[PDB]
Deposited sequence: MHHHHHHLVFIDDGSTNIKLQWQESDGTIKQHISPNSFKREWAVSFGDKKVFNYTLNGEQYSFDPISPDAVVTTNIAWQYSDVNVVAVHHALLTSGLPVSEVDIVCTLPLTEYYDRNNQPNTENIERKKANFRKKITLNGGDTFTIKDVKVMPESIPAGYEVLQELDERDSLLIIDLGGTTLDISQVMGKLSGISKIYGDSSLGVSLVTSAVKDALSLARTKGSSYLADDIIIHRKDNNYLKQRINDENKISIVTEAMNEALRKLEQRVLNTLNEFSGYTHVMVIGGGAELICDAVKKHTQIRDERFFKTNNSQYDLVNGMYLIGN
């Protein structure tokens, strides 16, 4: 079977898997689905699913998309649809697959930092829900393993740490800021933290107000090039973005005040690039001990792959 590692996040589903020839592929797919089939009169291609006697369709523009920011989204029908759609648009041949998926830190672990067995099993069972697609066959999910978010992204680093050092893993997602503090060699977890009131979406929504999702996203990724901005549009948007970024940074730095005793720091998630500078400065962590990739939104799923593949 193909083995697919899946970071099913509330913004995008990230996939990683190894091809027959040993080539490693990554994939990303939005999770925007409405609880209704999409109608095409001939122009658009549509992905119309049925899950539990309910219609779903991929829809990246309707405002009536199903919410994905609630806690129980991890165990929802629409999550299952989102994962099947990701598989279906990945380029993998339709087939039986084993998967490894994630639960957010505060779902994977209980408030005593021990694995939450009931949540883990609920996550596995969710993918037994049966799905159909109009005008095509669907992947068949077989074995399901569950990992926590965060930890796998830091594991390659954790292997190099003294059992006594501890890595601070800072994950700024689209809708959440989650942080773990983990003992070297993954000998234990000293602290877990989850705050769903801040994510990249703060900045995206701010920019959007000053003014699709793409325009704002493009404006943000190209904030360092003045000609792109002037070109892409027709000074206000700019100030708004900088204030959003400023407020984002302020709150992230506030959050870090909840942690101490860490010797190493790593920043992951799609928002890593937006707070990287402010986090390095504030932590005063000597650079050899500060970790950030150039593909931050895939750090988790890559770490999962290196562990479980």
>> No C-alpha coordinates means not modelled. Give me those stretches of the deposited sequence in order.
In response: 1 to 5, 217 to 223, 247 to 251
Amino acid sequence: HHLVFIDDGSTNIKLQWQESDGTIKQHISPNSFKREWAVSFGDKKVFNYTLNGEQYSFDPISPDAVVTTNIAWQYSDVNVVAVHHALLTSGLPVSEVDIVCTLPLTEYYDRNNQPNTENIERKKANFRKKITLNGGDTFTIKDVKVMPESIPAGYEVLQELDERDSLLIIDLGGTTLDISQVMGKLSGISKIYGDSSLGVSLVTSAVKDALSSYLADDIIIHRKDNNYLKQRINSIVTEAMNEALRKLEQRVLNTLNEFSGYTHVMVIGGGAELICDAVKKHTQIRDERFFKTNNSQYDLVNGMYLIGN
From here on, numbers count along this sequence of modelled residues.
> 178 to 186 versus 158 to 166: which one carries the higher mean Cα B factor per the record?
Replying inline: 158 to 166
> Where do the C-alpha atoms have the higher mean temperature factor in this entry, in 129 to 137 or in 96 to 104?
Replying inline: 129 to 137
> For the listed residues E239, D110, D171, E118, which one has the largest C-alpha B-factor as given in the deposited model?
Replying inline: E239
>> Looking at the C-alpha B-factor values in the deposited entry, which of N295, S20, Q16, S10 comes out highest?
In response: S20
>> Considering every modelled residue of the chain and its Cα B-factor in the PDB entry, is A72 in the lowest, middle or highest third?
In response: middle
> In terms of the CA temperature factor given in the entry, to which third of its chain does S196 belong: lowest, middle or highest?
Replying inline: middle
> Hey, what third does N234 fall into on Cα B-factor, ranked over its chain?
Replying inline: highest
> Taking the C-alpha B-factors as the PDB entry records them, is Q55 in the lowest, middle or highest third of its chain?
Replying inline: middle
> C-alpha B factor of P63, ranked within the chain: lowest, middle or highest third?
Replying inline: highest
